[PDB]
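> Sequence and experimental coordinates follow.
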Amino acid sequence: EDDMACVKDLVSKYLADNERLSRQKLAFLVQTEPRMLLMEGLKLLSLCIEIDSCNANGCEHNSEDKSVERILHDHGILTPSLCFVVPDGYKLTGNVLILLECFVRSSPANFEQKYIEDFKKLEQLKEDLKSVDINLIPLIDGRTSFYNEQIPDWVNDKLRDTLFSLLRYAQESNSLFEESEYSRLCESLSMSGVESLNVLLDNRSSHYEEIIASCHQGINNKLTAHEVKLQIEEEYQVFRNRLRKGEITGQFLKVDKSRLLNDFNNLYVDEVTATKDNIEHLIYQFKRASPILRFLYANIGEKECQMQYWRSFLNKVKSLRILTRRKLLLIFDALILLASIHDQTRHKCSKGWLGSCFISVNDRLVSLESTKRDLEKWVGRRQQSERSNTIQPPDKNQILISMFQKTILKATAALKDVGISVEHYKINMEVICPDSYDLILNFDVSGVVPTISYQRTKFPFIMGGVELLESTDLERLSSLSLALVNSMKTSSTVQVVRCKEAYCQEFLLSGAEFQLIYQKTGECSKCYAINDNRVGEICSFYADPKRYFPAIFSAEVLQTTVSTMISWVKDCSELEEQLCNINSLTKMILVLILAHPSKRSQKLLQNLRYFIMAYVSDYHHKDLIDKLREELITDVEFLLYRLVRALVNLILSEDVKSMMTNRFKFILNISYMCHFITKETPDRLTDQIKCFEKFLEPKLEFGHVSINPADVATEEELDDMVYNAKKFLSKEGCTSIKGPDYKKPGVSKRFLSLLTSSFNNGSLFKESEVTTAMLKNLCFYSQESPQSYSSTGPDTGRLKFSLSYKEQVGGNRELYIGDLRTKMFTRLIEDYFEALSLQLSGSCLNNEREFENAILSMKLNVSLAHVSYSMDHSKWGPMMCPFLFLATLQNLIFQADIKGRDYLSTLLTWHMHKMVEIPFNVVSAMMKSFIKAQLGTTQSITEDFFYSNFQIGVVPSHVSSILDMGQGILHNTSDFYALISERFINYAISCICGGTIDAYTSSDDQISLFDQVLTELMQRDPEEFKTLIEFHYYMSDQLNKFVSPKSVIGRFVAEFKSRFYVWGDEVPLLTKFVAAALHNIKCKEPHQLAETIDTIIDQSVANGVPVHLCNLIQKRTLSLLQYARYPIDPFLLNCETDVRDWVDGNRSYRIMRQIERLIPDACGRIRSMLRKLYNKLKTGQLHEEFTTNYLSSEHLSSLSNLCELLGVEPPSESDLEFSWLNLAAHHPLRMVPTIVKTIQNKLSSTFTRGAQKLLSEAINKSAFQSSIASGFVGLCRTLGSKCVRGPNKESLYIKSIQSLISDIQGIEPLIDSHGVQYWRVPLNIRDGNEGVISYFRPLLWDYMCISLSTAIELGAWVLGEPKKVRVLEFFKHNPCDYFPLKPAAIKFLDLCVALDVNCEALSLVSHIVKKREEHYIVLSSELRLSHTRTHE
RNA sequence: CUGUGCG
Ligand SMILES: [Mg+2]
Ligand SMILES: [Zn+2]
């Protein structure tokens, strides 16, 4: 009892003297009996955490446990009926209510579940209380430990230990609590997953035994190699007999180039009433196909004014809310109208007008007549109201002048408050003349009437004239795309559709002003009209604005992409005369898919890849052509198909035989142009419906769909599950009257037996292998932890997976999102099967070395022109089964491993009984359609299922079935099954023929490489080889592996994981990489965007994209940044790089090269000093007296000291003045040491600290997703907002800082040819007016730090003189001439991180772990035109 | 309450 007295003394001594805690302390002190003492101690601890949480976040403790309605009625607010919710904390302030329910959870799954439950409850309460008109912002305080402010750490730990011992003693003495509650509290108080199932009671009933018996019955896994070989031989003989007699149909055909071309040409012969289109006629039709295309190729041909200045000024001041958002709008319209009148009287201007309407603030088109009527009404109203009191002359003109002056004065006062003066907006106050009201009312304009043609019932210009060879069309599309994307930024305010007020985006083309007019705001598809002041209503269309990002500034990039592709097939003799047309066709295709980004066009372009793969092959699936045809609707889609057909027929002509690799590369890049179209969904609901029908139809064909199963599985449902498990294994083949039924899900007992026996006897291996309410009142009593488990799952319920889609190029992929507990449960299976496949070889899914081995093997196979068989597998997800994996694992033969296999079987059976939740949107759409059909002819299978369930009451919510694996959930298990099944299939093929096959598989993809024997059998025995291929297909089918119709047999090209290899030439997916860099723009800090673009372009250069195109892409990214008017500092992107900058160097080296380019002889002296310094630190000295004596002192003074220490010529006074503007000098930009911040953020992220922060910031962003165009407009909006944080936490605009810089005349800007800005800041002015000089950083110091970091990371060669390349003389410029290149790969870590904390310019040491490219393929000419950097 | 920016 000594410990009891010690604990009582400790709690009496070290408890805070809170009056709330005094009652509980008095209750605790009086306690004698261990049971009530335990209970009171638990209450005291719970009260401690509750009070600490309430006070920490500023809330009042709810000791009375009053409901929300009771508190509201007590505090004077009436509320309607509310759900029973008791908030732990509550506080009212003004119109803001805070609820602060707090909980403590030691487990991660329990923590996540409780946080989500509390968040849902608070959302429900907020939705209910919204009618009360009281704001309620949820606040959840989850803690992973008991530590808090009331009790110190060691006292809290000792109290917890003694109280837990007390509860153990009470349980073993009187057993007051149940076993369930006792175990729950012990697990919640004691503070890997494989042994986590040991603490759960096993309630596996006879259902699990019956499932195991089903997966064991009829399966023989003890067969010897001889018996397996005999069975395989007999199976093959029967297959040969039945394939020869025709009882089994073949699934492959020999590749016929003419027949393939004819099938492609007649892919859509029902509305395309031709097969050979004239290319000139195609150009004529393309330049007039659609209103956008008509505008792109038509003859639209023809000093800032005061209107623009005033419009920008009033657009800025309208955000400050000087203020009733109706009167300031009228004043702003009048001011802009006065500015326009001033411009027209001074120099006869016409910009900003669209006939009788003018462009006011907030992008609004405002009618002149309505403006002047409103102005006269307002002026007269205030005249008749004001003069009712006194006797003075109103003088309407002077009234308007006074209102203008007051509004302008208030706007100026608000604008200077952030630090912006009106003269930087260049507005002239002489536009407000004494003659103002009469001038604005006696103003008349007559012109065109802007309209929007919402229907499609002629074109104002000549529809032809712009040549395809030029870049005019791409520039026009760029401007139109920018206008379309900017149309989404307009704030929400309030047939010939000639309107009085609309919204407009202005863009200039060929010296003429054009307006994009729309009548609806938001990020949604709407009707747009292109209008002009000369002729109104140029055209009208129905574009979706958020699908027009990739072409915004990409005219040069796309033109150079087309030029490179054309230069590939340029020396072909047969294509010499038909070389212009190809170019035109290529150009046309690109323009089309940029003008009309359609999912159907994306699919049509994607299928060309499989067509061209089959064209250069030897055998292809007979159903390939049917799979290449998907429905086309619009005229532009059919035009695209016709253009693609013409290009293919030109390139893949029978008369053309010279350079087949180049033409294959060209056609593959044409196909991969589909990546230019955005992968984002056009219609979310339609994609959800398609995802659900793809998920449901195979389960209906199999016949097992369990509608709304309970958490406790019904006996009939269990019987049906066992029946379908047996049915999955009852697949016959080649030994029945009917024969095999292809593509039907399931496996054969015979072939499962053969595969398991082959695994068991080693035939598949190689030589290298062989009271209760009070507990609920606690803030730490866990309630969601499972305590037992049945065959169907834990007692907390079967596994839930919500179904969604992940959007890709060419459709979507099903996605199953589960609870965190379910994710941990699945991770056990995934880790086990990942390790099991890691023991074997050939799986290229998770291994990177195995993928390199596969690449080398494919290169060798193609070099020797052996047979390569590239396979995809159709419906790998839906057709595969967790029960199949269970049956495979139960028969494989490899103490505690029996227990491990039992746990794996239990988890797999849990995955068998998973419930997939139907999306709510799908159910709502089905209910609406059903109501409209029954109250008010297709009736799809899913529609029929929904209708049948609807007519009988119960609405489907969850679906359970045998025939489904989570797409990506049981992914490693599927990879292991594919590995072993393909090893068996190759073994059987070797047992049949004389050759052998080496296979590499990644979980749905495979490349099979045939040795010489099988290739020779192909040439000298086509029938035997074809029968072998059909037998491989049949064997795969017997093992639930369905070869895709897109798989190809051939010696020309080998493909695996979207990588293509041919002999001699390389196959870069240039269009894919170009589109990837054009669709990579986010709303992050601009340097992070620059780093992402640099990484993508590094990958592109590695994969073969020429360096000039990559430089153009970098220029495009900087153009995007410049549109947001973010200053281009020298640390964003280098747009003059060469091959050596990407191969030998890194991002830091590229920044060094950019800085050296900016300032020529100012980096030479620094480099001499750096060479001396690097030599001294390499000899072993000076290491400790430089990192803390120079990197800790001030800048611009340590450089001279370092130079005089090393005996080198110090930098001149001119050199030390070079600086760059760092807008993140004091704090990072508001986009809503650095290495120390990263370390803190990574340490406080796993579970112990910051877990709740990560979960909250992830759930906030979970129900918030946007497009790339939305990200770009958000970036522009943020960079135009108050994103720059000052030294004293103040918020400033970028324009504020730039105006402050302009205030000082000593500082001068200097801009590179590419827009990179660096400043010369004289040293005489750097300490007086420190308001803005603190944002500047010396350039030489940053260069020195980055150069030391790069020298340490890469070597001393970076410190040599950068001598340029000499004449060369003359080498042939063959575009398809590739060269392989490899980059040259503790004491210095401290110095590198010391450099990182001192150079706030680039992330130097954090870039190592965020994978470095290990292989480069460049162009020989570009490599030989690179610079030289040699250490001397 | 947050953009007015066509390299
Ligand atoms: Mg493949
Ligand atoms: Zn003008």
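All right, it came through fine. Numbers count the residues shown, from 1 in each chain, chains lettered A, B, ... in the order given. Ligands and ions are numbered 1, 2, ... in the order given.
> tell me the secondary structure for the residue of the stretch 301-450 of chain A found nearest ligand 2?
Residue of the stretch 301-450 of chain A nearest ligand 2, by Cβ to the ion: residue A:349 (2.7 Å). C-beta here means a position set from N, CA and C on the backbone, and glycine is covered the same way. Under DSSP: H, G, I helix; E, B strand; the rest coil, residue A:349 falls in the coil class.
> Now do it: how many residues are near it, please.
18 (other Cβ atoms under 10 Å).
> I figured it hits residue A:340, correct?
Yes. Assessed by Cβ atoms under 8 Å, residue A:349 is found in contact with residue A:340 at 7.4 Å.
> List the contacts of the nearest residue to residue A:104 once chain neighbours are set aside.
Leaving aside its chain neighbours, residue A:104 sits nearest to residue A:780 (4.2 Å; criterion: Cβ to Cβ, 6 or more residues apart in numbering). By Cβ atoms under 8 Å, 6 or more residues apart in numbering, the contact set of residue A:780 is A:45, A:46, A:49, A:103, A:104, A:105, A:146, A:188, A:189.
> just checking, residue A:1064 touches residue A:661?
Yes. Assessed by Cβ under 8 Å, residue A:1064 is found in contact with residue A:661 at 6.3 Å.
> Looking at those two, which one has more neighbours?
residue A:661 (18 against 9).
> how far away is residue A:892 from residue A:755?
Distance, residue A:892 to residue A:755, by Cβ to Cβ, to the nearest Å: 9 Å.
> Neighbour count: the two, which is higher?
residue A:755 (30 against 15).
> Output the strand or helix carrying residue A:1352 in CSV with nothing but the alpha carbons.
Take DSSP states H and E as the rule and residue A:1352 turns out to sit in helix A:1339-1354. Taking C-alpha atoms only, helix A:1339-1354 is exported to CSV below (Å, rounded to 0.1, in the frame of the first residue of the first chain):
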residue,chain,number,x,y,z
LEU,A,1339,24.0,37.3,-55.9
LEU,A,1340,27.6,36.4,-55.5
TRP,A,1341,27.1,34.9,-52.0
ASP,A,1342,24.3,32.6,-53.3
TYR,A,1343,26.5,31.7,-56.3
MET,A,1344,29.3,30.8,-54.0
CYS,A,1345,27.2,28.7,-51.7
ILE,A,1346,25.5,26.8,-54.6
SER,A,1347,28.9,26.3,-56.2
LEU,A,1348,30.3,24.7,-53.0
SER,A,1349,27.3,22.5,-52.7
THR,A,1350,27.5,21.4,-56.3
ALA,A,1351,31.3,20.8,-56.0
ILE,A,1352,30.7,18.6,-53.0
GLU,A,1353,27.8,16.8,-54.6
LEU,A,1354,29.3,16.2,-58.0
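> separation between the residue lying farthest from the centre of chain A and residue A:385?
The centre of chain A is farthest from one residue, residue A:391, which by Cα atoms, centre = their mean lies 68.5 Å away. For residue A:391, the distance to residue A:385 equals 15 Å [Cβ to Cβ].
> just residue A:302 next, same as before
As judged by Cβ to Cβ, residue A:302 and residue A:385 stand 48 Å apart.
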